[PDB]
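Shown next, in structure tokens, is the structure this report addresses.
Sequence positions, counted from 1, serve as the residue numbers for this chain. These numbers come from the heavy atoms of this one structure, side chains and all, not from hydrogens, waters or symmetry mates.
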Amino acid sequence: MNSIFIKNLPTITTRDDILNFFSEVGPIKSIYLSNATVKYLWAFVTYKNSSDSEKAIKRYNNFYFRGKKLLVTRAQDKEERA
């Protein structure tokens, strides 16, 4: 409920890029940036404040970063039922 996925990232994306863009909505607790070696990277960002993760989706989904339209979605944990 604090975490988002960021996909369609440019391959030259750095941890600092994620930090600089996504800290604008609120304090970031943790970041994973894939060491994908292919066409696009992905990131997993956890916010300290739950409200900020929703803000990040609202503000950065479909945001262009180096010509790439970012996909920013909620990282929802596994549901209980099949």
Exercise. Which heavy atom in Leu41 sits nearest to a heavy atom in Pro10, and how many Å separate them?
Worked result: CD1-O, 3.3 Å

Pairs of donor and acceptor atoms involving the side chains of residues 56-66, under 3.5 Å and at least two apart or interchain, shall be tabulated with distances.
from: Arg59; atom 1: NH1; to: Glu24; atom 2: O; distance (Å): 3.4
from: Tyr60; atom 1: OH; to: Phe21; atom 2: O; distance (Å): 2.6
from: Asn61; atom 1: OD1; to: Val72; atom 2: N; distance (Å): 3.0

Problem set entry | Contacts of type side chain to side chain contact (heavy atoms under 4.5 Å, CB included), residue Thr73, not counting sequence neighbours | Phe5, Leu71

Exercise. Can you name the nearest heavy-atom pair linking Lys55 to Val25, along with the distance?
Worked result: NZ-O, 2.6 Å

Problem set entry | Pairwise distance CD1(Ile12) to CG(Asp17) - rounded to 0.5 angstrom | 6.5 Å

Problem set entry | Inter-residue atom distance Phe22.CZ - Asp52.CG, 0.5 Å rounding | 12.5 Å

Exercise. Under 3.5 Å, is there a donor-acceptor pair between the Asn2 and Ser50 side chains?
Worked result: yes

Exercise. Taking only residues two or more places apart in sequence or in another chain, which ones pass side chain to side chain contact (heavy atoms under 4.5 Å, CB included) with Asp16?
Worked result: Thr14, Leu19, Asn20

Exercise. With distance as the sole test, does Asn8 use its side chain to make a donor-acceptor pair with the main-chain N or O of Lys69 at under 3.5 Å?
Worked result: yes

Exercise. If you look at every heavy atom in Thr13 and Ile18, which pair is closest and at what distance?
Worked result: CG2-CD1, 3.7 Å

Exercise. Sequence neighbours excluded, which residues qualify as ring-ring contact (aromatic ring centres under 6.0 Å, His included) partners of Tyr32?
Worked result: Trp42

Seminar exercise, completed: To the nearest 0.5 Å, atom CG of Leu70 lies from atom NZ of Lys7 at 12.5 Å

Exercise. Could you go step by step and tell me if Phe44 and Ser3 meet the side chain to side chain contact (heavy atoms under 4.5 Å, CB included) rule?
Worked result: CA-CA 7 Å; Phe44 179 66; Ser3 302; 3.6 Å; yes

For this session: I would like to know whether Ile28 and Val45 meet side chain to side chain contact (heavy atoms under 4.5 Å, CB included); could you show each step before the answer?
Result: CA-CA 7 Å; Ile28 291 172; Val45 176; 4.0 Å; yes

Enumerate donor-acceptor pairs with a distance under 3.5 Å from any side-chain N or O in residues 74-82 to protein atoms, sequence neighbours excluded.
from: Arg74; atom 1: NH1; to: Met1; atom 2: O; distance (Å): 3.1
from: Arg74; atom 1: NH1; to: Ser53; atom 2: OG; distance (Å): 3.0
from: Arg74; atom 1: NH2; to: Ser53; atom 2: OG; distance (Å): 2.8
from: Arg74; atom 1: NH2; to: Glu54; atom 2: OE1; distance (Å): 2.9
from: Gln76; atom 1: NE2; to: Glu79; atom 2: OE2; distance (Å): 2.7

Exercise. Should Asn49 and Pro27 count as side-chain neighbours, where that means a heavy-atom distance under 4.5 Å?
Worked result: yes

For this session: With sequence neighbours excluded, tell me which residues meet side-chain hydrogen bond (donor to acceptor under 3.5 Å, both in side chains) with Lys29.
Result: none

